[PDB]
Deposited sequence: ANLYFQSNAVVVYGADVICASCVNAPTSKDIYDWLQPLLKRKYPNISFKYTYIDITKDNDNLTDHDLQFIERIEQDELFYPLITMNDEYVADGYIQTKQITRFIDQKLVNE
């Protein structure tokens, strides 16, 4: 797999309400709105497609797979995944997002 061969699926699993385990952290929608410009700016030549999944509203085996871990308190939300791979959940740092992509650019 290579980040440049296709538009990359970036998903944010969350809800319109805050996650108990990270009360002070940025909301799911904030992160979703923040993530879009961030990547468009740092990785101009990569194409990303964004999707927001409210674990309430109610899906792929993966969507359901991550939503399950959140519902069982294993993972927190906002939860970010790129191409169905776990990237970050709950408290999220910019470096986590960049290092995950950079690592791919450098190795794959």
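- By the record, the deposited chain contains one unmodelled run at 59-61, with no C-alpha atoms placed there.
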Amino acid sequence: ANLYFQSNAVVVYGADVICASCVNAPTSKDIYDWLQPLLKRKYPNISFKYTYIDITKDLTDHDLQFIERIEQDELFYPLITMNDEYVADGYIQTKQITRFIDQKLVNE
From here on, numbers count along this sequence of modelled residues.
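- For the segment pair 79-87 and 64-72, the entry gives 64-72 the higher mean B-factor, averaged over Cα atoms.
- Of the candidates 25, 9, 12, 15, the PDB record gives 25 the highest C-alpha temperature factor.
- Sort the modelled residues of the chain by CA B factor and residue 1 lands in the highest third.
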